[PDB]
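Asks: What follows is work13.cif, made up of mmCIF, N, CA and C atoms and all ligand atoms:
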```cif
data_target
#
loop_
_atom_site.label_atom_id
_atom_site.label_comp_id
_atom_site.auth_asym_id
_atom_site.auth_seq_id
_atom_site.Cartn_x
_atom_site.Cartn_y
_atom_site.Cartn_z
N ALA A 1 142.83 200.09 -19.44
CA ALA A 1 142.66 201.51 -19.58
C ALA A 1 142.88 202.02 -20.99
N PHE A 2 142.06 203.01 -21.32
CA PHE A 2 142.27 203.72 -22.56
C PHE A 2 143.08 204.97 -22.26
N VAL A 3 143.88 205.36 -23.27
CA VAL A 3 144.91 206.38 -23.14
C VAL A 3 144.81 207.46 -24.20
N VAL A 4 144.76 208.76 -23.88
CA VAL A 4 144.84 209.82 -24.88
C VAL A 4 146.34 210.11 -25.11
N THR A 5 146.73 210.28 -26.38
CA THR A 5 148.12 210.49 -26.77
C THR A 5 148.39 211.85 -27.44
N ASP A 6 149.62 211.98 -27.96
CA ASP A 6 150.17 213.23 -28.48
C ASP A 6 149.29 214.05 -29.40
N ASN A 7 148.58 213.42 -30.34
CA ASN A 7 147.76 214.19 -31.26
C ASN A 7 146.58 214.98 -30.68
N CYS A 8 146.15 214.69 -29.46
CA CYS A 8 145.10 215.47 -28.81
C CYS A 8 145.61 216.85 -28.41
N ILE A 9 146.93 217.04 -28.19
CA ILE A 9 147.44 218.33 -27.74
C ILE A 9 147.33 219.40 -28.83
N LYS A 10 146.55 220.41 -28.42
CA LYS A 10 146.14 221.58 -29.18
C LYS A 10 145.10 221.31 -30.24
N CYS A 11 144.41 220.18 -30.11
CA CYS A 11 143.24 219.87 -30.92
C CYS A 11 142.11 219.88 -29.92
N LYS A 12 142.18 218.97 -28.93
CA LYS A 12 141.23 218.83 -27.84
C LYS A 12 139.80 219.06 -28.32
N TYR A 13 139.45 218.13 -29.21
CA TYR A 13 138.15 218.13 -29.86
C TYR A 13 136.99 217.91 -28.92
N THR A 14 137.25 217.07 -27.91
CA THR A 14 136.33 216.62 -26.87
C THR A 14 135.12 215.86 -27.40
N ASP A 15 135.24 215.26 -28.59
CA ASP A 15 134.14 214.44 -29.07
C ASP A 15 134.05 213.16 -28.23
N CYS A 16 135.24 212.70 -27.83
CA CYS A 16 135.41 211.58 -26.92
C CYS A 16 134.49 211.56 -25.68
N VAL A 17 134.25 212.69 -24.99
CA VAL A 17 133.51 212.65 -23.73
C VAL A 17 132.04 212.27 -23.86
N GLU A 18 131.41 212.39 -25.03
CA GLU A 18 129.98 212.11 -25.15
C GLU A 18 129.57 210.65 -25.24
N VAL A 19 130.55 209.82 -25.53
CA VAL A 19 130.34 208.41 -25.73
C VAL A 19 130.80 207.59 -24.51
N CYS A 20 131.46 208.22 -23.54
CA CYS A 20 131.99 207.54 -22.37
C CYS A 20 130.86 207.30 -21.37
N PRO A 21 130.66 205.98 -21.10
CA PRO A 21 129.63 205.49 -20.20
C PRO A 21 129.84 205.81 -18.73
N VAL A 22 131.09 206.07 -18.34
CA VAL A 22 131.45 206.34 -16.95
C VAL A 22 132.03 207.72 -16.65
N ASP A 23 132.13 208.69 -17.58
CA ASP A 23 132.72 210.02 -17.32
C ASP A 23 134.08 210.01 -16.66
N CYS A 24 134.97 209.22 -17.26
CA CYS A 24 136.33 209.11 -16.79
C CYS A 24 137.32 210.00 -17.53
N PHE A 25 136.83 211.14 -18.07
CA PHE A 25 137.69 212.08 -18.79
C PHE A 25 137.99 213.34 -18.00
N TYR A 26 139.29 213.68 -17.94
CA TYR A 26 139.76 214.83 -17.18
C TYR A 26 140.41 215.90 -18.05
N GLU A 27 139.98 217.13 -17.78
CA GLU A 27 140.28 218.29 -18.58
C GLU A 27 141.45 219.21 -18.29
N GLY A 28 142.45 219.18 -19.19
CA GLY A 28 143.55 220.13 -19.19
C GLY A 28 143.26 221.31 -20.13
N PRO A 29 144.02 222.41 -20.08
CA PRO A 29 143.90 223.56 -20.98
C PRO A 29 143.93 223.25 -22.47
N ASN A 30 144.81 222.34 -22.88
CA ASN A 30 144.94 221.99 -24.27
C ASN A 30 145.01 220.49 -24.46
N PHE A 31 144.46 219.71 -23.52
CA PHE A 31 144.50 218.26 -23.57
C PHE A 31 143.40 217.64 -22.72
N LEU A 32 143.13 216.37 -22.98
CA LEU A 32 142.21 215.55 -22.20
C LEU A 32 142.91 214.22 -21.88
N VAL A 33 142.73 213.69 -20.66
CA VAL A 33 143.27 212.39 -20.24
C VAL A 33 142.15 211.47 -19.75
N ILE A 34 142.41 210.15 -19.74
CA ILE A 34 141.45 209.12 -19.29
C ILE A 34 141.90 208.56 -17.93
N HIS A 35 141.06 208.65 -16.86
CA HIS A 35 141.42 208.08 -15.56
C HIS A 35 141.49 206.56 -15.66
N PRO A 36 142.66 205.95 -15.44
CA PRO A 36 142.88 204.53 -15.73
C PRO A 36 142.12 203.56 -14.84
N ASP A 37 141.81 204.03 -13.64
CA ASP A 37 141.06 203.28 -12.66
C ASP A 37 139.60 203.30 -12.98
N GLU A 38 139.11 204.39 -13.56
CA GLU A 38 137.70 204.51 -13.87
C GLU A 38 137.28 203.93 -15.22
N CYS A 39 138.19 204.05 -16.21
CA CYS A 39 137.93 203.57 -17.54
C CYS A 39 137.74 202.08 -17.45
N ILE A 40 136.62 201.70 -18.07
CA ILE A 40 136.16 200.33 -18.11
C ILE A 40 136.37 199.62 -19.44
N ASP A 41 137.33 200.08 -20.26
CA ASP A 41 137.69 199.53 -21.56
C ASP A 41 136.66 199.24 -22.65
N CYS A 42 135.57 200.01 -22.65
CA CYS A 42 134.52 199.81 -23.63
C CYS A 42 134.88 200.22 -25.06
N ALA A 43 135.85 201.14 -25.15
CA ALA A 43 136.41 201.73 -26.36
C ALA A 43 135.47 202.56 -27.23
N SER A 44 134.35 203.00 -26.65
CA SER A 44 133.38 203.85 -27.32
C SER A 44 134.02 205.15 -27.79
N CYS A 45 134.97 205.64 -27.02
CA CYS A 45 135.66 206.88 -27.32
C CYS A 45 136.65 206.85 -28.47
N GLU A 46 137.37 205.74 -28.67
CA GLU A 46 138.42 205.67 -29.66
C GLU A 46 138.04 206.03 -31.10
N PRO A 47 136.98 205.50 -31.76
CA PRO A 47 136.46 205.99 -33.03
C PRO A 47 136.03 207.45 -33.05
N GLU A 48 135.53 207.99 -31.92
CA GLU A 48 135.06 209.36 -31.84
C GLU A 48 136.12 210.45 -31.81
N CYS A 49 137.40 210.09 -31.69
CA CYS A 49 138.44 211.10 -31.65
C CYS A 49 138.87 211.45 -33.06
N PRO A 50 138.57 212.64 -33.60
CA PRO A 50 139.07 213.09 -34.89
C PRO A 50 140.59 213.03 -34.95
N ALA A 51 141.24 213.33 -33.81
CA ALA A 51 142.69 213.33 -33.68
C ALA A 51 143.25 211.93 -33.79
N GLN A 52 142.40 210.93 -33.53
CA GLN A 52 142.79 209.53 -33.45
C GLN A 52 143.98 209.35 -32.52
N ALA A 53 143.83 210.01 -31.36
CA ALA A 53 144.84 210.06 -30.31
C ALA A 53 144.53 209.11 -29.19
N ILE A 54 143.33 208.53 -29.14
CA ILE A 54 143.03 207.53 -28.13
C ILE A 54 143.45 206.12 -28.53
N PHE A 55 144.06 205.41 -27.59
CA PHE A 55 144.52 204.05 -27.79
C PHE A 55 144.35 203.21 -26.55
N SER A 56 144.00 201.93 -26.77
CA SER A 56 143.98 200.90 -25.74
C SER A 56 145.38 200.90 -25.14
N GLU A 57 145.51 200.82 -23.82
CA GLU A 57 146.82 200.87 -23.18
C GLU A 57 147.84 199.91 -23.75
N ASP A 58 147.44 198.69 -24.14
CA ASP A 58 148.40 197.78 -24.76
C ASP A 58 148.73 198.11 -26.21
N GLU A 59 147.94 198.94 -26.90
CA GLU A 59 148.30 199.33 -28.25
C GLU A 59 148.72 200.80 -28.43
N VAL A 60 149.14 201.46 -27.33
CA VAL A 60 149.71 202.81 -27.40
C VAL A 60 151.08 202.63 -28.03
N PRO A 61 151.35 203.40 -29.10
CA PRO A 61 152.59 203.36 -29.88
C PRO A 61 153.85 203.41 -29.03
N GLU A 62 154.88 202.67 -29.50
CA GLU A 62 156.13 202.52 -28.78
C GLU A 62 156.73 203.88 -28.39
N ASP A 63 156.67 204.86 -29.28
CA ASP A 63 157.21 206.19 -29.02
C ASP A 63 156.32 207.14 -28.23
N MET A 64 155.15 206.68 -27.80
CA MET A 64 154.27 207.53 -27.03
C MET A 64 153.91 206.98 -25.67
N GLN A 65 154.72 206.03 -25.23
CA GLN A 65 154.54 205.35 -23.96
C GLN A 65 154.46 206.22 -22.70
N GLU A 66 155.08 207.42 -22.78
CA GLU A 66 155.10 208.37 -21.67
C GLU A 66 153.67 208.69 -21.28
N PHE A 67 152.76 208.68 -22.27
CA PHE A 67 151.37 209.05 -22.09
C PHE A 67 150.48 208.22 -21.19
N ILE A 68 150.83 206.94 -21.00
CA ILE A 68 150.12 206.03 -20.10
C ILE A 68 150.21 206.62 -18.71
N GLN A 69 151.47 206.82 -18.30
CA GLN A 69 151.75 207.41 -17.01
C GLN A 69 151.22 208.83 -16.94
N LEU A 70 151.37 209.63 -18.00
CA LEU A 70 150.84 210.99 -17.98
C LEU A 70 149.34 211.09 -17.78
N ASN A 71 148.59 210.13 -18.35
CA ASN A 71 147.14 210.09 -18.18
C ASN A 71 146.80 209.82 -16.74
N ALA A 72 147.57 208.89 -16.18
CA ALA A 72 147.42 208.52 -14.79
C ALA A 72 147.68 209.71 -13.86
N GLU A 73 148.75 210.47 -14.10
CA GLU A 73 149.07 211.59 -13.23
C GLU A 73 148.15 212.77 -13.30
N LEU A 74 147.84 213.15 -14.53
CA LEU A 74 147.02 214.33 -14.75
C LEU A 74 145.54 214.15 -14.47
N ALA A 75 145.11 212.88 -14.53
CA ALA A 75 143.74 212.51 -14.21
C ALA A 75 143.47 212.64 -12.71
N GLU A 76 144.54 212.53 -11.89
CA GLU A 76 144.43 212.79 -10.46
C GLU A 76 144.31 214.28 -10.13
N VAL A 77 144.73 215.22 -11.00
CA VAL A 77 144.72 216.67 -10.67
C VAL A 77 143.83 217.62 -11.49
N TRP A 78 143.38 217.16 -12.67
CA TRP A 78 142.53 217.92 -13.57
C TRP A 78 141.05 217.72 -13.28
N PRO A 79 140.18 218.71 -13.46
CA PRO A 79 138.74 218.56 -13.24
C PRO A 79 138.05 217.62 -14.22
N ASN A 80 136.84 217.15 -13.91
CA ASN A 80 136.14 216.23 -14.80
C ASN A 80 135.40 216.94 -15.90
N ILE A 81 135.54 216.38 -17.11
CA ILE A 81 134.82 216.86 -18.27
C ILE A 81 133.87 215.80 -18.81
N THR A 82 132.61 216.20 -18.72
CA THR A 82 131.51 215.32 -19.09
C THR A 82 130.77 215.72 -20.36
N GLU A 83 130.74 217.02 -20.66
CA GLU A 83 130.08 217.55 -21.85
C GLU A 83 130.98 217.88 -23.03
N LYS A 84 130.54 217.67 -24.28
CA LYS A 84 131.32 218.07 -25.45
C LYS A 84 131.29 219.59 -25.59
N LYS A 85 132.44 220.19 -25.90
CA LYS A 85 132.55 221.63 -26.18
C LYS A 85 133.18 221.84 -27.58
N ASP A 86 133.42 223.08 -28.06
CA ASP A 86 134.01 223.27 -29.38
C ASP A 86 135.52 223.07 -29.38
N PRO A 87 136.19 222.57 -30.44
CA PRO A 87 137.63 222.28 -30.44
C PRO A 87 138.50 223.50 -30.17
N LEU A 88 139.78 223.24 -29.93
CA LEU A 88 140.66 224.37 -29.73
C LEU A 88 140.84 225.12 -31.06
N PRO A 89 141.02 226.45 -31.04
CA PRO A 89 140.78 227.35 -32.16
C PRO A 89 141.35 227.01 -33.51
N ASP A 90 142.58 226.51 -33.49
CA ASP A 90 143.29 226.20 -34.71
C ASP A 90 143.52 224.70 -34.75
N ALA A 91 142.57 223.94 -34.21
CA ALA A 91 142.69 222.50 -34.09
C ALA A 91 143.00 221.70 -35.34
N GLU A 92 142.38 221.97 -36.49
CA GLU A 92 142.67 221.13 -37.65
C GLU A 92 144.03 221.32 -38.33
N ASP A 93 144.74 222.42 -38.03
CA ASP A 93 146.08 222.67 -38.55
C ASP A 93 147.04 221.87 -37.67
N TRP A 94 146.86 221.97 -36.33
CA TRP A 94 147.66 221.24 -35.34
C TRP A 94 147.53 219.72 -35.33
N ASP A 95 146.38 219.21 -35.80
CA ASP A 95 146.13 217.80 -35.99
C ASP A 95 147.13 217.16 -36.98
N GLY A 96 147.91 216.23 -36.45
CA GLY A 96 148.87 215.53 -37.26
C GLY A 96 150.24 216.12 -37.06
N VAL A 97 150.34 217.28 -36.38
CA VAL A 97 151.64 217.83 -36.04
C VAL A 97 152.19 216.93 -34.95
N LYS A 98 153.38 216.39 -35.23
CA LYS A 98 154.09 215.53 -34.28
C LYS A 98 154.76 216.27 -33.14
N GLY A 99 155.03 215.48 -32.08
CA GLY A 99 155.75 215.91 -30.89
C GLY A 99 155.19 217.13 -30.15
N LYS A 100 153.87 217.22 -30.07
CA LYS A 100 153.20 218.30 -29.36
C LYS A 100 153.29 218.22 -27.83
N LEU A 101 153.91 217.15 -27.29
CA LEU A 101 154.17 216.95 -25.86
C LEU A 101 154.90 218.11 -25.21
N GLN A 102 155.88 218.62 -25.96
CA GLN A 102 156.62 219.79 -25.54
C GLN A 102 155.71 220.97 -25.17
N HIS A 103 154.55 221.04 -25.83
CA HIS A 103 153.60 222.10 -25.60
C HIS A 103 152.45 221.72 -24.66
N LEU A 104 152.50 220.59 -23.93
CA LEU A 104 151.40 220.28 -23.00
C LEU A 104 151.30 221.25 -21.82
N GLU A 105 150.09 221.79 -21.65
CA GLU A 105 149.81 222.75 -20.59
C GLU A 105 149.12 222.05 -19.44
N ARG A 106 149.79 222.22 -18.28
CA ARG A 106 149.32 221.78 -16.97
C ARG A 106 148.10 222.59 -16.49
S1 LIG B 1 137.05 203.30 -23.34
FE1 LIG B 1 134.89 203.72 -22.68
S2 LIG B 1 135.05 204.01 -20.41
FE2 LIG B 1 137.18 204.18 -21.25
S3 LIG B 1 137.45 206.44 -21.56
FE3 LIG B 1 136.70 205.53 -23.55
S4 LIG B 1 134.43 205.82 -23.47
FE4 LIG B 1 135.20 206.10 -21.34
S1 LIG B 2 141.40 215.33 -29.68
FE1 LIG B 2 141.47 214.86 -27.45
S2 LIG B 2 139.70 215.97 -26.59
FE2 LIG B 2 138.96 213.91 -27.12
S3 LIG B 2 138.15 213.86 -29.20
FE3 LIG B 2 140.38 213.29 -29.36
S4 LIG B 2 140.91 212.66 -27.25
#
```
Before we go any further, please render this structure as structure tokens.
Replies:
Amino acid sequence: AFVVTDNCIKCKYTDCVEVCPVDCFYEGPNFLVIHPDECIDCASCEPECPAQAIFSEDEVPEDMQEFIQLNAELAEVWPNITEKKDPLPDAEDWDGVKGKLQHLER
């Protein structure tokens, strides 16, 4: 499984969804997650994230491990996002801001 991590929160560029062969991306208000059962590990999405927040499950950073499970949980309750849309309003300022987990919107 591929995993979206902390830097996607309040960027949510959604460039990732256009390259996914199986539409395994689920949409939160200020975040996107990858359904772990549906993701087929092609990694087409990982270069496409400006946030560089997508990671192969085995290479998700030691301090962002919570996100594996979070992708799994939220992918069960969030609607499917298949089309690219415009980034969140102040996305490039928030990009690179650490610890945005505190601000994740359900
Ligand atoms: S690795 Fe491939 S299948 Fe998995 S979420 Fe990314 S684009 Fe979709
Ligand atoms: S910012 Fe998030 S919305 Fe997609 S392009 Fe990167 S994983």
Asks: Show me the residues close to (135.3, 217.7, -23.3) - anything with an atom within 6 Å, counting only C-alpha atoms - and format the list as a ChimeraX atom specification.
Replies: /A:14,17,81,83-85
Asks: Can I get the selection written as a CSV table (one decimal), keeping the file's coordinate frame, with N, CA and C atoms?
Replies:
```csv
chain,number,residue,atom,x,y,z
A,14,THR,N,137.2,217.1,-27.9
A,14,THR,CA,136.3,216.6,-26.9
A,14,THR,C,135.1,215.9,-27.4
A,17,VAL,N,134.2,212.7,-25.0
A,17,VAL,CA,133.5,212.6,-23.7
A,17,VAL,C,132.0,212.3,-23.9
A,81,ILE,N,135.5,216.4,-17.1
A,81,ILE,CA,134.8,216.9,-18.3
A,81,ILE,C,133.9,215.8,-18.8
A,83,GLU,N,130.7,217.0,-20.7
A,83,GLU,CA,130.1,217.6,-21.8
A,83,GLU,C,131.0,217.9,-23.0
A,84,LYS,N,130.5,217.7,-24.3
A,84,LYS,CA,131.3,218.1,-25.4
A,84,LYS,C,131.3,219.6,-25.6
A,85,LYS,N,132.4,220.2,-25.9
A,85,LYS,CA,132.6,221.6,-26.2
A,85,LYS,C,133.2,221.8,-27.6
```
Asks: Check which residues fall inside 6 Å of ligand LIG 2 (chain B) when counting all atoms listed in the file, and print them as a count of residues only.
Replies: 20
Asks: Which residue is closest to residue A:27? Choose from A:79, A:61, A:99, A:47 and count only C-alpha atoms.
Replies: A:79
Asks: Write out as a short mmCIF file (atom, residue, chain, number, x, y, z; two decimals) with N, CA and C atoms, keeping the file's coordinate frame each polymer residue whose atoms come within 9 Å of residue A:90, counting only C-alpha atoms; drop sequence neighbours fewer than 4 positions from it.
Replies:
```cif
data_model
loop_
_atom_site.label_atom_id
_atom_site.label_comp_id
_atom_site.auth_asym_id
_atom_site.auth_seq_id
_atom_site.Cartn_x
_atom_site.Cartn_y
_atom_site.Cartn_z
N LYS A 10 146.55 220.41 -28.42
CA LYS A 10 146.14 221.58 -29.18
C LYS A 10 145.10 221.31 -30.24
N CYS A 11 144.41 220.18 -30.11
CA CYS A 11 143.24 219.87 -30.92
C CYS A 11 142.11 219.88 -29.92
N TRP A 94 146.86 221.97 -36.33
CA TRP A 94 147.66 221.24 -35.34
C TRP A 94 147.53 219.72 -35.33
N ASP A 95 146.38 219.21 -35.80
CA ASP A 95 146.13 217.80 -35.99
C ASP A 95 147.13 217.16 -36.98
#
```
Asks: When distances are computed from only C-alpha atoms and all ligand atoms, which of A:18, A:40, A:60, A:29 shows the smallest separation from ligand LIG 1 (chain B)?
Replies: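 Between A:18, A:40, A:60, A:29, the residue approaching ligand LIG 1 (chain B) most closely is A:40.
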Asks: I'd like to know which of A:24, A:74, A:19, A:104 is closest to residue A:45, using all atoms listed in the file.
Replies: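 The answer is A:19, which sits nearest to residue A:45.
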Asks: Please determine, counting all atoms listed in the file, which residue among A:91, A:78, A:3, A:102 has the shortest atom-to-atom distance to residue A:36.
Replies: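 Among the listed residues, the smallest separation from residue A:36 belongs to A:3.
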Asks: Within 6.5 Å of ligand LIG 1 (chain B), which residues show up when you count all atoms listed in the file? List them as a list in words, please.
Replies: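 So the residues close to ligand LIG 1 (chain B) are residues 1, 2, 16, 19, 20, 21, 22, 23, 24, 25, 34, 35, 38, 39, 40, 41, 42, 43, 44, 45 and 46 of chain A.
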Asks: Using DSSP on the backbone, list every residue of stretch 5-104 of chain A that comes out as strand (DSSP E), and give them as an NGL selection string.
Replies: :A and (25-27 or 32-34 or 54-56)
Asks: Provide the atom CA of residue A:59 to atom CA of residue A:71 distance in Å, to one decimal place.
Replies: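 Calculated distance between atom CA of residue A:59 and atom CA of residue A:71 is 14.8 Å.
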Asks: Just list the residues in stretch 31-84 of chain A DSSP gives helix (DSSP H, G or I) on the backbone, as a PDB file with N, CA and C atoms, in the coordinates of the input.
Replies:
```pdb
ATOM      1  N   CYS A  45     134.970 205.640 -27.020  1.00  0.00           N
ATOM      2  CA  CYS A  45     135.660 206.880 -27.320  1.00  0.00           C
ATOM      3  C   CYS A  45     136.650 206.850 -28.470  1.00  0.00           C
ATOM      4  N   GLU A  46     137.370 205.740 -28.670  1.00  0.00           N
ATOM      5  CA  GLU A  46     138.420 205.670 -29.660  1.00  0.00           C
ATOM      6  C   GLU A  46     138.040 206.030 -31.100  1.00  0.00           C
ATOM      7  N   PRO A  47     136.980 205.500 -31.760  1.00  0.00           N
ATOM      8  CA  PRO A  47     136.460 205.990 -33.030  1.00  0.00           C
ATOM      9  C   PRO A  47     136.030 207.450 -33.050  1.00  0.00           C
ATOM     10  N   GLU A  48     135.530 207.990 -31.920  1.00  0.00           N
ATOM     11  CA  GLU A  48     135.060 209.360 -31.840  1.00  0.00           C
ATOM     12  C   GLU A  48     136.120 210.450 -31.810  1.00  0.00           C
ATOM     13  N   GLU A  57     145.510 200.820 -23.820  1.00  0.00           N
ATOM     14  CA  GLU A  57     146.820 200.870 -23.180  1.00  0.00           C
ATOM     15  C   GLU A  57     147.840 199.910 -23.750  1.00  0.00           C
ATOM     16  N   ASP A  58     147.440 198.690 -24.140  1.00  0.00           N
ATOM     17  CA  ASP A  58     148.400 197.780 -24.760  1.00  0.00           C
ATOM     18  C   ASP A  58     148.730 198.110 -26.210  1.00  0.00           C
ATOM     19  N   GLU A  59     147.940 198.940 -26.900  1.00  0.00           N
ATOM     20  CA  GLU A  59     148.300 199.330 -28.250  1.00  0.00           C
ATOM     21  C   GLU A  59     148.720 200.800 -28.430  1.00  0.00           C
ATOM     22  N   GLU A  62     154.880 202.670 -29.500  1.00  0.00           N
ATOM     23  CA  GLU A  62     156.130 202.520 -28.780  1.00  0.00           C
ATOM     24  C   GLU A  62     156.730 203.880 -28.390  1.00  0.00           C
ATOM     25  N   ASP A  63     156.670 204.860 -29.280  1.00  0.00           N
ATOM     26  CA  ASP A  63     157.210 206.190 -29.020  1.00  0.00           C
ATOM     27  C   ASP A  63     156.320 207.140 -28.230  1.00  0.00           C
ATOM     28  N   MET A  64     155.150 206.680 -27.800  1.00  0.00           N
ATOM     29  CA  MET A  64     154.270 207.530 -27.030  1.00  0.00           C
ATOM     30  C   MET A  64     153.910 206.980 -25.670  1.00  0.00           C
ATOM     31  N   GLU A  66     155.080 207.420 -22.780  1.00  0.00           N
ATOM     32  CA  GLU A  66     155.100 208.370 -21.670  1.00  0.00           C
ATOM     33  C   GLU A  66     153.670 208.690 -21.280  1.00  0.00           C
ATOM     34  N   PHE A  67     152.760 208.680 -22.270  1.00  0.00           N
ATOM     35  CA  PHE A  67     151.370 209.050 -22.090  1.00  0.00           C
ATOM     36  C   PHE A  67     150.480 208.220 -21.190  1.00  0.00           C
ATOM     37  N   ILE A  68     150.830 206.940 -21.000  1.00  0.00           N
ATOM     38  CA  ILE A  68     150.120 206.030 -20.100  1.00  0.00           C
ATOM     39  C   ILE A  68     150.210 206.620 -18.710  1.00  0.00           C
ATOM     40  N   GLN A  69     151.470 206.820 -18.300  1.00  0.00           N
ATOM     41  CA  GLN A  69     151.750 207.410 -17.010  1.00  0.00           C
ATOM     42  C   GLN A  69     151.220 208.830 -16.940  1.00  0.00           C
ATOM     43  N   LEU A  70     151.370 209.630 -18.000  1.00  0.00           N
ATOM     44  CA  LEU A  70     150.840 210.990 -17.980  1.00  0.00           C
ATOM     45  C   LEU A  70     149.340 211.090 -17.780  1.00  0.00           C
ATOM     46  N   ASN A  71     148.590 210.130 -18.350  1.00  0.00           N
ATOM     47  CA  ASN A  71     147.140 210.090 -18.180  1.00  0.00           C
ATOM     48  C   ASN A  71     146.800 209.820 -16.740  1.00  0.00           C
ATOM     49  N   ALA A  72     147.570 208.890 -16.180  1.00  0.00           N
ATOM     50  CA  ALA A  72     147.420 208.520 -14.790  1.00  0.00           C
ATOM     51  C   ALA A  72     147.680 209.710 -13.860  1.00  0.00           C
ATOM     52  N   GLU A  73     148.750 210.470 -14.100  1.00  0.00           N
ATOM     53  CA  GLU A  73     149.070 211.590 -13.230  1.00  0.00           C
ATOM     54  C   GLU A  73     148.150 212.770 -13.300  1.00  0.00           C
ATOM     55  N   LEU A  74     147.840 213.150 -14.530  1.00  0.00           N
ATOM     56  CA  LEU A  74     147.020 214.330 -14.750  1.00  0.00           C
ATOM     57  C   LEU A  74     145.540 214.150 -14.470  1.00  0.00           C
ATOM     58  N   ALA A  75     145.110 212.880 -14.530  1.00  0.00           N
ATOM     59  CA  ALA A  75     143.740 212.510 -14.210  1.00  0.00           C
ATOM     60  C   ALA A  75     143.470 212.640 -12.710  1.00  0.00           C
TER      61      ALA A  75
END
```
Asks: Quick one: pull the distance between atom C of residue A:68 and atom N of residue A:55, Å, one decimal.
Replies: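 Between atom C of residue A:68 and atom N of residue A:55 the gap is 10.9 Å.
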Asks: When you draw a straight line from atom CA of residue A:72 to atom CA of residue A:33, how long is it in Å?
Replies: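 About the pair atom CA of residue A:72 and atom CA of residue A:33: they are 7.9 Å apart.
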Asks: Determine the nearest neighbour of residue A:30 from the options A:105, A:73, A:58, A:93, counting all atoms listed in the file.
Replies: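 Of the candidates, the smallest distance to residue A:30 is held by A:105.
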